[PDB]
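*Asks:*
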Amino acid sequence: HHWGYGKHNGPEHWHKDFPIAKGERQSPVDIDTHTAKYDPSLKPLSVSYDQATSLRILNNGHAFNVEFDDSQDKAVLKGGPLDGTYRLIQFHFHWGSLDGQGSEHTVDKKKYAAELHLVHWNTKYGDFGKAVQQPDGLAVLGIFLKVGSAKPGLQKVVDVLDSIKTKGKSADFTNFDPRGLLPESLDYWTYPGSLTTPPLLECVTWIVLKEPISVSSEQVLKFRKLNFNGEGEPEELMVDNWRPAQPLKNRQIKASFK
Ligand SMILES: NS(=O)(=O)c1ccc(NC(=O)Nc2c(F)c(F)c(F)c(F)c2F)cc1
Ligand SMILES: [Zn+2]
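Below, the structure is given as structure tokens:
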């Protein structure tokens, strides 16, 4: 009886195994655009993905991760609220069963169809496992998805999903360029938070872009054909794998723009 997104093991249950679920800096949160304050001291945000080396795509039973070679400084995030260099290790998404839900963060209580998370770790801690134990260990770049026009740079991801339908399946996934998943603007909100799944560690500087990307109805429909279950187990569609907004508590969300 392990954690997931169902009635009996979903977000309302997680606190029993992971008491930090009710902690002081949990994610996601609602971003109240009127209460977020412009911070003129936020330096420019630097996304350097030209040397990114993707390796593999994995269905982990909660989402699918596109994994990168993070054994050298190849694809890094710097600037913004960050001190130092953060290496891209993987990206994944959270999405809904319907176009009106699926994102983890919300904007003035608005839910988007999905949310992309580009996960990076602070190189001063040497490896990802040490980084998650630090309050400034991770930086996750969050990007909202709305349904409209297709995102051409997403299609290579969509087309390999048939090969990783069930929990535990992986496929080679080399030469994928994550630059094709970014919107035009890097305007963002930022706040200190956590992983949005167990173990819910409070190790993340969240950087959430204001501008969503558009994906097609057909692209998101293909996400919804994935399975939470393993092969040969009863089929449960991988949909609604998002945690709802958590209390902001003693935090301020800062904006990079006005
Ligand atoms: N949705 S998210 O906040 O971007 C997120 C990112 C990474 C992870 N976790 C991992 O990618 N690996 C992971 C981990 F960090 C841990 F801290 C663990 F204990 C663990 F078992 C992991 F697999 C969970 C949610
Ligand atoms: Zn995530």
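Reading the sequence shown from the start, the letters are residues 127 to 384 in the working numbering. Cβ atoms here follow ideal geometry from the backbone N, Cα and C, with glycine treated the same way.
Examine the Cβ distances between the segment 197-213 and the segment 167-184 and report whether three or more of them are shorter than 8 angstroms.
*Replies:* yes
*Asks:* Distance, Cα to Cα, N376 vs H160?
*Replies:* Near 17 angstroms, if we compare the C-alpha coordinates of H160 and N376.
*Asks:* Would you say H220 touches ligand 2, meaning its beta carbon is less than 7 angstroms from a heavy atom?
*Replies:* Yes, since a heavy atom of ligand 2 falls inside the 7 angstroms radius drawn around the Cβ of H220.
*Asks:* At which residue ranges does the segment 133-206 contain complete alpha helix (DSSP H) runs of 4 or more residues, listed in the order of the chain?
*Replies:* Runs found: none.
*Asks:* Cα-Cα, which of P154, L181, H141 and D165 is closest to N367?
*Replies:* Nearest option by C-alpha distance: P154.
*Asks:* Using only CA atoms, which one of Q259, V245 and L244 lies nearest to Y251?
*Replies:* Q259
*Asks:* Leaving out five residues on either side along the sequence, give the residues of the same chain with a beta carbon under 7 angstroms from the beta carbon of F299.
*Replies:* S180, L181, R182, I183, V192 and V286
*Asks:* Measuring alpha carbon to alpha carbon, tell me which residue in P360, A189 and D209 is nearest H243.
*Replies:* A189
*Asks:* Pull up the distance between the alpha-carbon of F349 and that of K293, whole angstroms please.
*Replies:* 14 angstroms
*Asks:* According to DSSP, what are the bridge partners of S340?
*Replies:* For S340, the pairing in a beta bridge is given by DSSP as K272.
*Asks:* From what residue to what residue does the beta strand (DSSP E) around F219 run?
*Replies:* First-last of the beta strand (DSSP E) with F219: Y212 to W221.
*Asks:* Confirm the yes/no value for this check: CB of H243, any heavy atom of ligand 2, distance under 7 angstroms.
*Replies:* yes
*Asks:* With respect to 7 angstroms, is the separation between the Cβ of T232 and the closest non-hydrogen atom of ligand 2 below this value?
*Replies:* no
*Asks:* Here's a check: name, in chain order, each residue in its chain whose Cβ is nearer than 6 angstroms to the Cβ of residue 387, leaving out the five neighbours to either side.
*Replies:* No answer is possible for residue 387: it lies beyond the span of the chain, which begins at 127 and ends at 384.
*Asks:* So, for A178: in the same chain, excluding its five sequence neighbours on each side, which residues have a beta-carbon less than 7 angstroms away from its beta-carbon?
*Replies:* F194, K200, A201, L214, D303 and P304
*Asks:* Here's a check: name, in chain order, each residue in its chain whose Cβ is nearer than 6 angstroms to the Cβ of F383, leaving out the five neighbours to either side.
*Replies:* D313
*Asks:* Compute the beta-carbon to beta-carbon distance between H231 and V334, rounded to the nearest angstrom, for a pair I have assumed lies under 8 angstroms.
*Replies:* 5 angstroms
*Asks:* Taking the CB atoms as reference points, tell me whether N185 and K295 lie closer together than 8 angstroms.
*Replies:* yes
*Asks:* So, with DSSP's three-state summary, where would you put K295?
*Replies:* coil
*Asks:* Quick one: is the Cβ of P325 within less than 7 angstroms of any heavy atom of ligand 1?
*Replies:* yes
*Asks:* Look up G228 in the DSSP assignment and say whether it is helix, strand or coil.
*Replies:* coil
*Asks:* Just how far apart, CA to CA, sit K380 and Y317?
*Replies:* 7 angstroms
*Asks:* Using DSSP bridges, identify the partner residues of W332.
*Replies:* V266 and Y317
*Asks:* Hey, quick one: how far does the alpha helix (DSSP H) through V286 stretch, first residue to last?
*Replies:* For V286, the enclosing alpha helix (DSSP H) stretches over residues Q281 to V286.
*Asks:* With DSSP collapsed to three states, give me the class of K380.
*Replies:* strand
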